[PDB]
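**Student:** I'd like to ask some things about the structure below.
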Amino acid sequence: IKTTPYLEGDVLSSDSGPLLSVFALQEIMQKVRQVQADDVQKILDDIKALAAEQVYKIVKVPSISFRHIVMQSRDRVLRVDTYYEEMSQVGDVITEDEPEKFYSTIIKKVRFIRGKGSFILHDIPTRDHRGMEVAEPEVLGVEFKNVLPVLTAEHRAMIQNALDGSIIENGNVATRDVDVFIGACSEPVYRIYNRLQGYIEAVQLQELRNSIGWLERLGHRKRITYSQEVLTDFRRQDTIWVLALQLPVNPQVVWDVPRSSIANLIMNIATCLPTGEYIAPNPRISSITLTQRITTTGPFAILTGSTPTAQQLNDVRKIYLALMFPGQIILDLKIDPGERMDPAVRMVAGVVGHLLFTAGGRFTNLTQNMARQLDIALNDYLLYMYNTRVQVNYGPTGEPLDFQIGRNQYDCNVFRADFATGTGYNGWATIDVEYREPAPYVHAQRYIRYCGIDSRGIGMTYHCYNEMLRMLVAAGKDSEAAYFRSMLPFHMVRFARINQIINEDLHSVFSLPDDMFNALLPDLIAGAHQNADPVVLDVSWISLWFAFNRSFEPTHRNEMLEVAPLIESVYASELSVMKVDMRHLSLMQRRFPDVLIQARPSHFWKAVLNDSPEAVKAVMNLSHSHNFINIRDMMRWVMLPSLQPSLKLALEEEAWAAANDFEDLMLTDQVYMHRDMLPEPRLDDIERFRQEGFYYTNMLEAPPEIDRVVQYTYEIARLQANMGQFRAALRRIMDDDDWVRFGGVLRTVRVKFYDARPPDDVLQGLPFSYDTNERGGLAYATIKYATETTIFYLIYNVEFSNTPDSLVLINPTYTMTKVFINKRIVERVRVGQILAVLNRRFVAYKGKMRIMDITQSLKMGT
Amino acid sequence: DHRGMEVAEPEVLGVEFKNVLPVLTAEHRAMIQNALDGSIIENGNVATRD
């Protein structure tokens with residue numbers, strides 16, 4: 001099948017061009033850009049990638065959570081856990097001027113802790129020792145290699161045998177034989193691991209069967225194109241199922257989001273719209289000789305024989321998309337002052353739009369202005385007389401069609417547009433919507449049928465067409481009477497095909513709810529849309545004629561259709577996660593008022609939407625750019641009860657519960673200032689320095705005293721900066737040799753280790769920035785209260801004593817801000833209890849177990 | 001945004017006082033700033049518009 005030819009500039013062509021879905025994406029995006037104005041493949045595969053989203057990371061060996069540093073000794077070494085390092089380095093700079101940045105950084109912290117927490121063990125390595133199975137050293141949570149050569153005496157033997165004694169244990173959990181042993185792991189990630197294992201040991205095979213049944217129900221509804229079941233091979237006992245998602249999604253949560261009509265429409269386009277070709281009623285009639293086609297004289301005769309170009313092709317597919325989506329797409333004319341053409345084209349458009357479009361009844365496809373223009377055009381046609389002069393009997397007013405025509409007085413005033421019943425269009429006294437059986441989606445019960453016909457017809461007519469022929473035979477225009485009488489079947493089959501496309505392919509969770517579809521028209525006639533918003537598109541004049549003389553024939557189905565329930569369920573789960581994140585942000589905000597910075601629901605929504613899948617971000621951004629919201633919508637939407645439970649939701653809630661101690665999130669306010677002369681090695685006698693070594697840090701091991709300390713809140717800092725005595729006050733009060741505190745807000749602290757002398761910035765930075773704006777200003781020099789601050793551990797390489805050029809600080813200097821923390825991080829501990837972290841119960845599955853999830857593995861589609 | 005509430009910049013107010021900033025004391029400038037920053041912006045409706 002190839003589309004009928006359309007002329008390209010000067011040469012005919014028959015190329016189908018870009019896909020209809022891509023065209024719809026670009027048209028909607030360009031329209032909303034025009035709306036705001038005062039990437040289609042990227043967004044499409046951005047939608048696609050939602051399917052391959054995976055929540056848990058299957059791993060061979062758990063990540064190393066500890067490491068060691070040795071300094072020229074046998075008794076004690078430093079131990080450090082890499083969890084705090086990784087959590088501290090993933091942060092961002094904080095200013096209280098930008099609560100959106102503040103809460104986006106908090107959200108990044110919580111998302112990092114969840115993602116690092118979710119993992120599981122499958123195929124850990126095993127070794128043998130005297131008939132007892134032992135775990136190899138590399139699967140442990142603690143890695144040490146440097147301590148082995150430096151250690152001596154029997155300590156090496158008594159750590160080697162303790163390492164060897166890490167025997168495996170066999171136990172009978174509900175999935176029969178597994179492997180149990182002991183390991184070392186930092187706290188919050190292992191709390192997440194415990195939560196995940198507790199979910200995994202729960203059994204929901206009945207829920208799996210319910211999901212399977214819903215899939216088969218939807219499949220036999222979509223029996224035209226959906227046929228996929230691999231059920232026969234799943235039933236092996238040597239397997240594990242992971243149900244990270246519940247498949248029977250609830251459409252209420254996805255339709256509760258304010259002003260999401262545009263996003264739902266664009267996602268329906270993304271995942272359901274098919275691709276077709278445009279065919280004439282009779283193929284190849286365009287290539288016959290023109291003298292045959294232009295038979296006689298008249299407006300219709302002049303119009304016939306014309307050929308369309310790319311502009312009219314695009315407008316015709318725009319018209320067809322409007323037909324495919326009645327409740328969201330409305331049309332109007334593209335009127336410009338530069339128009340000039342023969343009136344016949346507008347005349348025919350007014351004649352034919354009455355049959356082509358539907359209005360009144362329960363749904364409308366046109367604006368009042370467009371219906372009025374079509375009506376006045378048909379008035380012009382009915383008054384246009386060029387063969388025969390007939391009697392006319394006008395009415396009291398100058399309204400269009402307010403007259404009586406024909407040898408018998410037959411009223412044409414009915415076709416004047418009225419949205420109450422739709423007398424002039426295909427909603428005139430004919431049913432269009434009905435109900436047959438309960439749908440798999442509980443909000444889309446309706447069946448939408450065009451011209452009252454059903455797919456499950458030769459020569460059948462309908463009321464509007466019969467009355468149009470009555471009008472035309474009363475007007476005595478027998479040429480086009482016979483023309484339309486012959487052209488009936490093409491119209492009927494095209495509308496049957498369109499009917500099939502809506503009633504079969506488009507059934508998804510994103511379809512408009514029945515009550516809102518019924519209430520669309522009353523909102524349109526009222527003029528105030530408190531509930532939902534459709535979109536209007538512009539279309540030219542001859543596009544109507546060419547739409548009537550073309551059709552739509554599907555050729556390639558939507559690729560997204562196979563995994564559409566999966567992607568929409570992932571979307572719902574993500575949306576629920578954002579909702580609960582907003583909730584818990586508000587709860588923590590009430591929990592800590594004295595140090596957190598007050599924000600609004602708009603700031604909270606932006607912060608939560610900042611960290612989100614890219615396709616979801618794009619569709620929300622487009623929807624909100626088209627239509628706006630306020631604080632009332634956010635406070636209303638955060639109070640709605642419905643939620644979509646998921647493993648992602650459970651992990652998010654457990655991550656927040658383990659992150660309740662915000663001090664553990666590498667966020668604090670215990671930064672202080674006291675000058676200390678920077679310690680340096682004496683570097684005089686080689687042997688004693690080689691034996692001793694030196695390390696230093698700006699860590700406060702203990703909190704400072706209640707006295708001999710002053711505090712600086714942000715408001716006092718700002719007032720002192722505008723005073724201009726800020727530097728003088730600091731210099732005086734710290735010549736007084738006192739501590740000074742920068743409390744009031746949360747500061748992000750980085751951590752770094754150094755084996756040499758670092759640059760002066762991290763040696764002696766300040767907690768703030770101080771910029772002196774130009775003289776004559778209102779506020780004078782300004783203070784940025786919070787900037788980059790780093791806790792550092794310096795441990796020199798004692799070998800570098802040969803080349804002191806990289807270690808000597810040239811001139812003695814003062815050290816700067818100190819940091820106080822409560823959590824244990826870097827510890828000089830004796831070598832005996834280096835293994836005292838081996839305290840948490842690791843569990844692993846057997847190698848022969850097959851742990852695939854059937855719902856995600858079903859995506860292959862072959 | 002001050003303390004999380006929306007306040008307009010001091011220039012939109014039709015008062016010019018830049019010439020008397022350096023002559024006031026600490027307390028006087030403190031109370032002037034405290035009085036100024038409290039002028040919040042309120043949301044309202046005019047002809048069904050926000």
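Residue names in the structure tokens use chain letters A, B, ... in the order shown, residue numbers from 1 in each chain, and ligand numbers from 1 in the order shown.
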Find the residues around residue 3 (chain B) up to 10 Å (only C-alpha atoms counted), leave out those fewer than 2 positions away in its own chain, and share them as a ChimeraX atom specification.
**Tutor:** /A:96-97,597-599 /B:1,5-7,37
**Student:** Contacts from chain B to chain A, 8 Å maximum, only C-alpha atoms: show me the residue list as a PyMOL selection string.
**Tutor:** chain B and resi 1+3-4+18+21+26+30
**Student:** May I have the residues from that selection written out with N, CA and C atoms, as a PDB file, in the first residue's frame?
**Tutor:**
ATOM      1  N   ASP B   1      12.708  36.895  48.552  1.00  0.00           N
ATOM      2  CA  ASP B   1      12.197  36.097  49.657  1.00  0.00           C
ATOM      3  C   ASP B   1      12.947  36.425  50.940  1.00  0.00           C
ATOM      4  N   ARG B   3      12.764  35.252  54.958  1.00  0.00           N
ATOM      5  CA  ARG B   3      12.232  34.239  55.877  1.00  0.00           C
ATOM      6  C   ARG B   3      11.254  33.286  55.190  1.00  0.00           C
ATOM      7  N   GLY B   4      11.261  33.257  53.858  1.00  0.00           N
ATOM      8  CA  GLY B   4      10.342  32.446  53.094  1.00  0.00           C
ATOM      9  C   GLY B   4       9.058  33.128  52.674  1.00  0.00           C
ATOM     10  N   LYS B  18      18.584  57.205  50.121  1.00  0.00           N
ATOM     11  CA  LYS B  18      19.956  56.699  50.101  1.00  0.00           C
ATOM     12  C   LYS B  18      20.923  57.677  50.754  1.00  0.00           C
ATOM     13  N   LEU B  21      21.551  57.112  54.772  1.00  0.00           N
ATOM     14  CA  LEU B  21      22.033  55.846  55.323  1.00  0.00           C
ATOM     15  C   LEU B  21      23.243  56.002  56.241  1.00  0.00           C
ATOM     16  N   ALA B  26      23.432  52.410  64.772  1.00  0.00           N
ATOM     17  CA  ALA B  26      23.163  50.984  64.631  1.00  0.00           C
ATOM     18  C   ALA B  26      21.701  50.667  64.916  1.00  0.00           C
ATOM     19  N   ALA B  30      18.849  49.497  62.296  1.00  0.00           N
ATOM     20  CA  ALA B  30      18.249  48.199  62.588  1.00  0.00           C
ATOM     21  C   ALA B  30      16.727  48.277  62.564  1.00  0.00           C
TER      22      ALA B  30
END
**Student:** For the atom pair CA of residue 851 (chain A) and CA of residue 122 (chain A), what is the interatomic distance in Å to one decimal place?
**Tutor:**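 Computed distance, CA of residue 851 (chain A) to CA of residue 122 (chain A), equals 8.4 Å.
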**Student:** When distances are computed from only C-alpha atoms, which of A:771, A:75, A:216, A:715 shows the smallest separation from residue 34 (chain B)?
**Tutor:** A:715
